Structures are given as structure tokens and as C-alpha cells.
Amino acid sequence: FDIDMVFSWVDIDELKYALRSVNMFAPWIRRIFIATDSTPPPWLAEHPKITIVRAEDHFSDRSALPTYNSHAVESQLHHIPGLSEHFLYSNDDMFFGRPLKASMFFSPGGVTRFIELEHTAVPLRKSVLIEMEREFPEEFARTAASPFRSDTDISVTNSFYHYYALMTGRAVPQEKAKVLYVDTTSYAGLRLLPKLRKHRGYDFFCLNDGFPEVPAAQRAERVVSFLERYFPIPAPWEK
């Protein structure tokens, strides 16, 4: 079966390198959707593999718009036209760390494999999301219509989906994954980057922004330097 990827994004260019990590380490991905209301980045060319999806292109209710809430977008991913039944969802600060097999995320029979959750791309199914929207209609409607991140939001992609799919026999934990968290605003976190670049060992890593102690100028220099070396191949959708 096909497997697509959806990134959420709002305007270092972390997304450029997150997309390089897919091009390098998940070549089996079919379509990449960028769910965003921002102007596309200037480095991004038109390419058959990339589709920009504004909120108005997939939300059930236009009253919910405009939105500034990633949770609202996340509650409506399964309405993206053309999206495959099996897909991954990611933020722009989540990176594939080394070559991945599709079975890291989906069994050959379609069971999703979630990493217990860790801050990584998550595997989802459109049909299961349709089912949860039908079973929790007030929560899906309210979250889609919540213009800012709220305690009332259902946390579909990072928790609720996986618990629902676990209990109904459609998801199982991924016990075999190595994940590194890098706080890029601390010196201890930035010290992880040369060790990660040199020695690898991780299927996934993520670049967090903490109360920073690293000045913004130094953080950008060290992070961009790391990403340029770790992901040196420009993807075919880059100008």
C-alpha cells in the first residue's frame, strides 16, 4: 500500500532539512503534503512529490477558519484530498536519523507502529480517523474550531489516535526505535550534535527549543552547521 507524509509548518529552515531527511532515509514515501497557511519557502520549487495544503483545502467547517492552532489542523488531516489511507504526520523539527524501513511504521497488514509517545513522525490511518471523528463528533468539531492551542483540544496525532487504535486492534507499540532529544537552546543539548553527526545510532531525533541559555545567533550557527553536514544532499524539490 502507499504511504504519504504530512508536515505542518508555519513561517535555519528546519523544514528544508526535515524534508531532506525524508528524501534520504524514507524513499518509500509517495506524496509529501505541507499543511500550511504560510507563503511557501523561497527554496521550495514546484514538484510532483510536494503538495501545499491550506486549511481551507481540507477543513470540514470554514467557520473554524482562520486557524492558528496546530491541533485544529491535526484534527482534520484525514480530509486532505488525495492523501493515502496510510500516512505519517510530522512537525518541522522532527528528523529521520538514518535509513528507515517502512515496517518501522506500518506492518505489511496495515497495523500502525507508534513509538512510546516519543516526539517522532506518527503513523496514522484515514479510515480510523474518520471513525474517531464519527464517535467523538463534539470534540473533533470543537478542536477544529479552536483558533489557538487550548487545554480543551483533543491531542489526536500525539496521543488520542494511538490509544484508540491500540484498544481497537489497529495499532501496536514500536519497541525497536532509538530516539534522541536535542535541546538546541542549552549548551548540553548543542553538545549532542557533534556526537550525533559522528556516531549516529538513532532512527529519529528532534530539535527542541526550551528558558534558553544559548544566544540566538550561536544557536542558529551551530544548528545550521550540523544540519548542512548531516543532510548534505539537496532534495529534488529544492530550487
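The first residue of the sequence shown is number 1, and the count goes up from there.
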item: Residue 135 to residue 136: deposited residues without atomic coordinates; value: none
item: Interval residue 42-residue 43, deposited residues with no coordinates in the entry (none, 1 to 3, 4 to 9, 10 or more); value: none
item: Stretch exceeding the other in mean C-alpha B-factor - 29-37, 55-63; value: 55-63
item: Higher-scoring stretch by recorded Cα B factor average, 43-51 or 172-180; value: 43-51
item: Most elevated Cα B-factor in the entry, residues 131, 139, 118, 74; value: 118
item: Lowest, middle or highest third - CA B-factor, residue 68; value: highest
item: CA B-factor ranking of residue 153, expressed as a third of its chain; value: middle
item: Lowest, middle or highest third - CA B-factor, residue 92; value: middle
item: Chain third (lowest, middle, highest) by recorded CA B-factor, residue given as residue 211; value: highest
item: Chain third (lowest, middle, highest) by recorded CA B-factor, residue given as residue 217; value: highest
